[PDB]
Amino acid sequence: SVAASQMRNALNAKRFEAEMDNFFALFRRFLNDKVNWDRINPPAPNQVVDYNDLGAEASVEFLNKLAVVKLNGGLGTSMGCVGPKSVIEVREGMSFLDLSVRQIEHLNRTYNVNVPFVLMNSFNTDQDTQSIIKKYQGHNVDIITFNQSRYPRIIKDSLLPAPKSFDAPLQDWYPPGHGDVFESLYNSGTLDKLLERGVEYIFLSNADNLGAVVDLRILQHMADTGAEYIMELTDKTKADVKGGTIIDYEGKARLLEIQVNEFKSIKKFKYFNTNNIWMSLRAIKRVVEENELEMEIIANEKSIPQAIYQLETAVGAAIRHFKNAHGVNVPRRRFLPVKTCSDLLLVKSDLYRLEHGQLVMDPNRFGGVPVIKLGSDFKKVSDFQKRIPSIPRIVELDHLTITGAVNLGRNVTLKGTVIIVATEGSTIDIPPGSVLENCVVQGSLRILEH
Amino acid sequence: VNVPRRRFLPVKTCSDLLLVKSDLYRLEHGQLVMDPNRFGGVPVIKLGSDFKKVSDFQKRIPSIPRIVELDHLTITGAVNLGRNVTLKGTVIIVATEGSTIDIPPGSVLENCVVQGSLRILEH
Amino acid sequence: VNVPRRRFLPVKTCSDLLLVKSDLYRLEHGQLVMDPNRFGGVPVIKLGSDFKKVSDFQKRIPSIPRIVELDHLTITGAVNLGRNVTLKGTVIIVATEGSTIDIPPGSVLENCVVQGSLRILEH
Amino acid sequence: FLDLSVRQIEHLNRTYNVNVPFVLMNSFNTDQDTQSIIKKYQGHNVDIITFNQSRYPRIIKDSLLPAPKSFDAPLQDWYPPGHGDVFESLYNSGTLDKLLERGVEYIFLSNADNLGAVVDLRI
Amino acid sequence: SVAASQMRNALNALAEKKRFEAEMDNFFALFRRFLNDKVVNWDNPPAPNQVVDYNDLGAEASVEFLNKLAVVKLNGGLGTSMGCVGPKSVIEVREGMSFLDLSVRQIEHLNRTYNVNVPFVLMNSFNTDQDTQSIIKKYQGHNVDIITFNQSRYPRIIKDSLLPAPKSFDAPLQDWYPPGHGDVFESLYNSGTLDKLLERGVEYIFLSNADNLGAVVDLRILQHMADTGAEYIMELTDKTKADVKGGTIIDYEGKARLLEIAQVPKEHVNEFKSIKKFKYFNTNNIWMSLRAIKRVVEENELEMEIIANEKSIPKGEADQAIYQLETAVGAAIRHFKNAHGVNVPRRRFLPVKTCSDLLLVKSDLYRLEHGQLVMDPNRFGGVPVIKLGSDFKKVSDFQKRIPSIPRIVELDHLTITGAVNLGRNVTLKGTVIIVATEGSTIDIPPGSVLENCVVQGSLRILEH
Ligand SMILES: [Cl-]
Ligand SMILES: [Cl-]
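The rules behind each value
- Sequence order as written determines residue numbers, which begin from 1 on each chain and need not coincide with the entry numbering; residues that lack coordinates are not included.
- Each chain takes a letter, starting from A, and each ligand takes a number, starting from 1, following the order in which they are written.
- Taken together, the chains in view make up part of a larger assembly, and the values describe this part alone.
- As a convention, hydrogens and water are excluded, and side-chain values are obtained from all of the structure's heavy atoms.
- Residues with missing side-chain atoms are left out of burial classes, side-chain pairs and their counts.
- To qualify as a helix, a DSSP run of H or I must reach at least 4 residues; to qualify as a strand, a run of E must reach at least 2; elements of each kind are numbered from the N terminus.
- Radius of gyration means the value over C-alpha atoms here, while the globule rule gives 2.2 Å times the residue count to the 0.38 power.
- Two residues form a contact once any of their heavy atoms are found within 4.5 Å.
- Two parts placed together each lose some accessible area under a 1.4 Å probe, and the buried area is that loss summed for both.
- One side-chain nitrogen of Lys or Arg within 4 Å of one carboxyl oxygen of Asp or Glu is enough to make a salt bridge.
- A 3.5 Å cut-off defines polar contacts: any pair of N or O atoms within that distance qualifies, except that in protein one atom must be a possible hydrogen donor and the other a possible acceptor, and neighbouring residues in sequence count only when both atoms are side-chain atoms.
- Under the scheme applied, nonpolar residues are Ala, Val, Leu, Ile, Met, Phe, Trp, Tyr, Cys and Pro; charged residues are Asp, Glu, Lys and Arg; polar residues are all the others, including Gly.
- UniProt positions are given in the numbering used here, feature names are shortened, and annotations may be inferred rather than shown by experiment.
- Burial classes: relative accessible area under 20% of the type maximum marks a residue as buried, over 50% as exposed, and values in between as partly exposed (1.4 Å probe, protein chains only).
- Note on geometry: axes are C-alpha line fits, over the in-contact stretch for helices, and angles between N-to-C directions span 0 to 180 degrees.
- An angle counts as roughly parallel when it lies under 35 degrees, as roughly antiparallel when it exceeds 145, as roughly perpendicular when it falls between 65 and 115, and as oblique in every other case.
- Being paired, for any two strands, means DSSP has found at least two bridges between them.
- This arc corresponds to the set of directions leading from the helix axis out to the C-beta atoms.
- We define the nonpolar core as a collection of buried residues of types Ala, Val, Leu, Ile, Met, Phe, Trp, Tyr and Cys that are connected through side-chain atoms lying within 4.5 Å of one another.
- A least-squares superposition on the C-alpha atoms brings the copies into a common frame.

- Per the deposited record, X-ray crystallography is how this structure was determined, to a resolution of 2.5700 Å.

Here it is as structure tokens:
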């Protein structure tokens with residue numbers, strides 16, 4: 001069918017023409033696409049370096065060449081918050097954005113430097129971010145902002161743009177993937193602005209990820225092998241069977257998620273992508289200009305209150321086109337993301353101390369990180385804090401499940417495996433000071449003021 | 001001497017019996033032989049006090065569910081499993097104080113908490 | 001003239017829609033053609049008021065159950081069917097006043113009355 | 001468990017043309033029931049030897065005296081000591097000598113509970 | 001394995017004129033064939049030849065032939081399980097009449113209608129013989145030649161020693177058991193009953209469960225038997241849906257046997273329970289030549305599919321584990337000159353196993369006529385299907401909760417679960433499902449009409 005077509009200009013009512021071109025190229029390779037175990041072997045001992053087999057923190061000369069980029073296009077709507085996810089409170093008054101800025105201040109003050117802090121926004125988050133940013137006026141911090149691409153959603157049945165006009169309402173548009181960094185850095189001018197200041201290196205991170213802290217040893221290791229791309233990897237726990245993993249397919253290392261599922265084994269294929277990515281800013285400038293990008297397109301279907309396709313890209317995809325792309329195997333303290341109020345309970349717990357805008361785990365914690373499974377009555381932050389106003393003691397916890405309307409009193413201690421299931425319709429009030437260990441708790445109990 | 005776990009397969013409870021009677025094992029020359037396709041270690045099985053007696057265990061679980069792909073199972077209260085039930089990932093089933101749950105034959109349960117009270121009677 | 005029933009196949013309710021979207025029929029030159037292996041007549045289907053609107057019917061039955069071998073299906077109250085449910089013979093499902101029944105994916109229900117309450121939550 | 005254990009000795013016996021002695025350490029709770037059930041293995045080429053472990057008296061916590069008055073005091077006031085009573089029981093019963101007389105130099109010890117405790121020639 | 005030896009030697013318990021040497025021999029022969037597998041090459045349905053349509057049969061027998069018939073009823077079964085003490089046959093069915101009463105009334109008629117005297121034989125067991133000897137006295141003075149005999153008393157085998165459970169001959173009733181319905185052949189013979197019937201010119205016996213109300217002498221089937229010199233006919237009726245378990249007729253090779261699901265492998269079972277292709281099941285209404293029976297036992301060509309049952313019997317202690325091993329009357333069909341089966345209407349299969357069956361048989365669906373239950377001629381469909389739950393198991397409980405039998409002409413299907421009480425003059429039509437909520441009672445008001453409905457919950461009706 002091919003079906004040439006295309007809103008040649010929408011309204012065409014400045015550049016924008018530039019973004020639409022990048023879209024038409026994702027659309028073309030979509031119609032052509034709709035997997036292979038050729039040399040899908042595990043990664044070689046060279047292409048995954050142990051963090052413990054690195055030395056020597058970088059100098060200051062090198063640190064003066066680093067910029068920090070945080071993905072900040074995401075809304076807080078899954079945790080029932082309006083506005084950007086980064087503005088959500090994490091602990092002791094501090095948001096994700098607050099902790100990130102505090103981290104740049106400490107670094108700046110410790111080494112007498114001024115590391116630029118760059119925020120990639122979207123039309124959902126840029127403006128809210130412009131307003132909240134003002135609270136960091138006065139602190140010695142260089143905050144730069146840019147907007148990623150705004151692509152039109154495709155109607156599934158007509159396969160035409162959902163928007164008629166340029167000023168068609170925000171329902172018919174979407175921000176593409178995390179992989180839109182490359183084109184957005186460039187098209188916005190941010191790439192040049194950083195180069196003009198002698199930035200050669202960027203450390204890229206989700207605003208979600210409390211543990212993505214500048215590490216001078218991995219900055220050294222990068223430059224002292226002129227590798228243009230490093231990916232932090234950590235180790236699959238049972239909680240990570242999903243999500244991308246590193247593969248040495250041919251000699252050119254790639255990574256994959258998708259028969260062609262024996263890799264679900266924690267043995268054989270044992271490391272996954274944190275999305276903590278270090279890159280050469282110069283490498284990024286050419287791969288964009290030589291049009292050598294062409295990344296695995298991902299197509300998502302949704303329903304705009306009309307059914308549509310999205311079509312996005314992933315930052316992991318690009319790894320092929322980079323002069324010595326390998327990966328580094330880091331402790332889990334560098335992968336501490338917050339996607340749900342389950343993650344919030346962990347991160348606010350007695351398991352962590354706040355030091356210079358970083359979460360520091362209790363050195364007495366025996367095992368790995370406790371697994372926490374809260375039900376839908378804890379989905380909204382406002383509901384989570386109504387029901388769990390004081391975070392239980394969870395050193396010695398392995399596993400927690402809570403379903404239905406459950407309220408925890410102050411200074412509750414959880415050990416081992418704990419399952420609490422409130423009866424359909426009923427509330428359970430767990431008394432203050434309760435010690436629960438290796439138990440299933442069930443029923444319906446109210447505690448009222450006498 | 002540090003031996004594989006196939007040499008440590010003791011049976012202290014009807015939880016252990018559910019493991020040992022499952023599709024995870026074949027009987028060969030009076031030995032239990034584990035499925036070579038089993039991905040991880042041995043599934044963890046936590047049955048409550050309504051399964052303590054062998055006679056009760058077999059009244060409620062007359063046909064052993066399919067438990068390759070199972071990591072974790074908890075069942076509390078009066079729960080009956082139909083034939084050819086498949087359990088994957090983590091599965092928690094909690095019958096309400098006093099109530100029975102009849103899990104329909106052929107049910108596929110994966111990474112879920114199941115709760116309530118449901119009877120299945122012959123029409 | 002006294003015609004076979006294949007010439008009377010009206011669609012007045014979402015009950016009729018469940019029949020006509022099922023594995024009982026193939027689309028051939030713009031005609032619905034019944035499976036030639038179908039033993040009896042057309043199955044009788046009654047869905048209650050929670051299935052009146054097409055939007056509600058598809059929220060609760062997103063994947064049409066397998067109904068060759070079905071004679072009689074009645075469903076009352078808030079009932080959700082998982083994917084690849086098989087119904088045979090007579091099946092009666094009655095949710096308790098105010099409650100939901102989630103029928104697990106893969107359930108085979110044959111010649112049975114199902115009654116009560118059951119929630120299946122993502123872990 | 002006993003059936004699987006005997007089947008394991010038969011296979012071994014048949015595979016290597018040998019007759020490995022199979023010894024059961026009983027207690028006053030189990031010796032007699034075991035004597036009766038053992039009879040079903042008559043006919044199969046299997047050397048089944050039986051012995052009884054120690055029967056010690058329970059100490060009353062307050063008097064710190066024996067709970068039993070007589071030797072024929074009821075079975076409530078006695079108990080079989082630990083699994084560690086093998087050494088003294090092997091010896092005192094004569095089983096230790098009986099095995100030595102047959103050129104047994106080695107014993108492989110196991111819980112009847114443990115399905116996976118199979119003779120391993122490498123170890 | 002040998003091992004036998006110990007059994008054979010132990011079978012000299014013989015702890016007095018009348019002996020049982022004969023029975024023990026018949027046992028040792030069942031024990032030997034047991035130790036063999038201690039398969040069936042799934043290879044076809046029955047030929048058009050080995051199944052005659054009752055509607056494709058020729059006229060009623062003469063009187064000459066009727067003077068050659070004897071009637072035998074299986075009467076070893078207790079009423080324990082319907083919570084009744086003594087033999088099932090003594091339980092009241094309707095309007096004051098027991099199973100035995102209806103059977104005798106049937107012979108009295110028949111005798112009077114044809115001026116004959118058909119012998120009526122009761123096969124008892126040590127559980128039922130003595131109670132039946134006492135009850136049978138009430139038929140003194142009516143017509144009817146009533147003969148009784150006792151079946152075999154075999155010893156239960158200890159599972160672990162494979163020796164007899166009884167030490168003495170006077171060891172208590174716990175260690176012994178009456179074998180199957182298939183013990184007829186050896187019991188007829190060993191008791192002398194076979195000869196006594198032959199001496200009176202019987203030639204043919206019609207065999208039946210006492211509990212099957214519809215197993216009535218049929219002159220057309222008596223003719224068809226003799227007027228084809230067939231030595232064995234089995235009545236078959238049609239599998240409905242409540243019948244999938246229990247024997248069906250098979251033309252294995254060129255002859256006829258039948259397969260009960262017990263002797264069928266793990267797979268294929270699903271093709272064997274198809275209501276199409278197999279079509280028919282065994283009523284246990286069996287016609288046989290008494291002469292055929294005399295040789296098959298004497299030439300020792302019996303060898304019937306052995307059925308092995310496990311139990312736990314009690315002294316001063318607890319319990320010990322045993323095998324039974326019985327035989328089925330259906331099994332023998334192989335050894336009989338022109339063994340076929342006849343496809344009879346369902347009115348000839350009306351058994352009473354549960355209080356569900358009692359509700360049917362006491363209902364307005366049936367009238368009592370010359371000791372037969374006769375269905376309302378206006379009844380549209382087949383026999384209604386009735387399922388009552390555990391609160392209706394014992395006769396005493398059934399009558400506490402259903403004192404006045406509901407009107408069930410126009411009923412297709414009734415199921416009742418939990419504590420349900422019916423008021424007087426309740427009418428049930430179509431499909432009715434009643435489910436009391438766990439722990440609760442439903443009182444259905446007097447005069448209720450329930451049609452094509454599910455009734456669920458709780459309802460109490462209290463005297464003001
Ligand atoms: Cl007698
Ligand atoms: Cl006589």
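**Observations concerning the overall build of chain A**
- When you go through chain A residue by residue, the secondary structure sums to 9 helices and 25 strands.
- In terms of overall dimensions, chain A is globule-like: its C-alpha atoms have a radius of gyration of 24 Å, near the 22 Å expected for 450 residues.
- Taken along its principal axes, the extent of the C-alpha atoms in chain A is 70 × 55 × 55 Å.

**Some remarks on the interface of chain E and chain B**
- Listed as interface residues are 9 residues of chain E and, on the opposing side, 4 residues of chain B.
- At the boundary of chain E with chain B, total buried surface from both sides reaches about 490 Å², with 60% on carbon and sulfur atoms.
- Our count for the contact surface shared by chain E and chain B stands at 0 salt bridges.
- At the junction of chain E and chain B, the tally comes to 1 residue pair in polar contact.
- Going through the elements one at a time, strand 21 (411-417) and strand 23 (427-436) of chain E are the ones with two or more residues in the side of chain E that touches chain B.
- Broken down by element, the side of chain E that touches chain B gets its largest block of residues, 4 residues, from strand 23 of chain E.
- Its residues assigned to classes, the side of chain E that touches chain B shows 3 nonpolar, 4 polar and 2 charged.

**Digging into the UniProt feature "binding site: UTP" (unreviewed entry) in chain A**
All names here are of chain A.
- Under the feature "binding site: UTP" (unreviewed entry), the UniProt entry names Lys-85, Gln-148, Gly-177, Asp-208 and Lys-339.
- With sequence-adjacent residues up to four places away left out, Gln-148 is seen in contact with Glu-19, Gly-73, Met-120, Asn-121, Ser-122, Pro-175, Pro-176, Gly-177, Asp-180 and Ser-184.
- Along the polypeptide, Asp-208 turns up in the loop between strand 10 (201-206) and helix 6 (216-223).
- On the accessibility criterion, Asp-208 (5% relative accessible area) is buried.
- Beyond its immediate sequence surroundings of up to four residues, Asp-208 is in contact with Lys-85, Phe-96, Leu-336, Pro-337, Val-338 and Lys-339.

**Structural notes on the arrangement of the chains**
- Of all 7 pairs of chains that touch, the greatest number of contacts is found between chains B and C.
- Across all C-alpha pairs, the smallest distance from chain C to chain D is 34 Å, and the two are not in contact.
- In this view chain A stays clear of chain E, with the nearest C-alpha atoms of the two still 18 Å from each other.

**Comments concerning the packing of helix 5 (residues 184-191) of chain E against helix 8 (residues 290-298) of chain E**
Residues and elements named next belong to chain E.
- It is the contact of helix 5 with helix 8, at a shortest axis distance of 10 Å, that shows an interaxial angle of 90 degrees. Between helix 5 and helix 8, the angle is such that the two are roughly perpendicular. Contacts between helix 5 and helix 8 involve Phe-185, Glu-186, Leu-188 and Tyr-189 on the former and, on the latter, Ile-293, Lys-294, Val-297 and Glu-298.
- Here the contact of helix 5 with helix 8 is built from residues that sort into 5 nonpolar, no polar and 3 charged.

**Looking at the sheet that holds strand 25 (residues 435-443) of chain A**
Residues and elements named next belong to chain A.
- Taken in spatial order, the 4 strands of this open sheet run 20-21-23-25, and their pairing is parallel. Strand pairing shows two members of the sheet lacking a second neighbour, strand 20 (371-374) and strand 25, which therefore form its edges. The average angle at which neighbouring strand axes cross in this sheet is 5 degrees, direction not considered.
- Two elements, strand 21 (residues 397-403) and strand 23 (residues 413-422), share 6 bridges in a ladder whose sense is parallel. Each bridged residue has a counterpart across the sheet, and for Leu-397 the counterpart in strand 23 is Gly-416.

**Here we look at the environment of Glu-122 of chain C**
Residue and element names in this part refer to chain C.
- Looking at the element boundaries, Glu-122 is found in strand 8 (residues 108-122).
- Here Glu-122 falls in the exposed class, since its relative accessible area comes to 74%.
- The spatial distance from the C-alpha of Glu-122 to the C-alpha of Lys-12 is 35 Å, given a sequence separation of 110 residues.

**A closer look at helix 7 (residues 281-289) of chain A**
Residue and element names in this part refer to chain A.
- Here helix 7 has its buried residues at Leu-281, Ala-283, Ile-284, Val-287 and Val-288. Seen end-on, helix 7 carries its buried residues on one side only, within an arc spanning 155 degrees.
- Those residues of helix 7 that are buried are in contact with helix 4 (181-188), helix 5 (190-196), strand 10 and strand 14 (273-280).
- A side-chain oxygen of the first residue of helix 7 lies 3.1 Å from the backbone nitrogen of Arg-282; this N-cap is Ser-280.

**Re the nonpolar core**
- Formed by 61 residues in total, the largest nonpolar core has its most connected members in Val-79, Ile-93 and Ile-103 of chain B together with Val-79 of chain C.
- Here the element with the most residues in this core is helix 1 (residues 14-20) of chain B; it accounts for 5 residues.
- Ignoring anything within four residues of it in the chain, the contact list for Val-79 of chain B reads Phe-51, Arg-60, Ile-93, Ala-95, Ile-101 and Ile-103 of chain B.

**A short note on the relation of the copies chain B and chain C**
- With an RMSD of 0.6 Å, the operation that places chain B on chain C is a rotation of 178 degrees combined with a shift of 0.4 Å along the axis. What the superposition gives is, in effect, a two-fold axis relating one chain to the other.

**Describing the sheet that holds strand 16 (residues 307-309) of chain A**
Residues and elements named next belong to chain A.
- In space, the 3 strands of this open sheet follow the order 8-16-15, with antiparallel pairing throughout. Both outer strands of the open sheet, strand 8 (154-155) and strand 15 (301-303), are each paired with one neighbouring strand and no more.
- As defined by bridge partners, strand 8 adjoins strand 16 across 2 bridges and the pair is classed as antiparallel. Residue pairing across strands places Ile-155 opposite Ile-308, the latter belonging to strand 16.

**Let's talk about the interface of chain B and chain C**
- The partner chain C presents 22 residues to the 22 residues of chain B that form the contact.
- Both faces combined, the contact of chain B with chain C buries some 1800 Å², and carbon together with sulfur accounts for 63% of it.
- Linking chain B to chain C there are 0 salt bridges.
- At the boundary of chain B with chain C, the tally comes to 10 residue pairs in polar contact.
- Of the residues contributing to the side of chain B that touches chain C, the split by class is 12 nonpolar, 8 polar and 2 charged.
- Here 11 bridges tie strand 8 (residues 108-122) of chain B to strand 8 of chain C, and the two strands are oriented antiparallel to one another. Bridge pairing links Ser-117 of chain B to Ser-117 of chain C in strand 8 of chain C.

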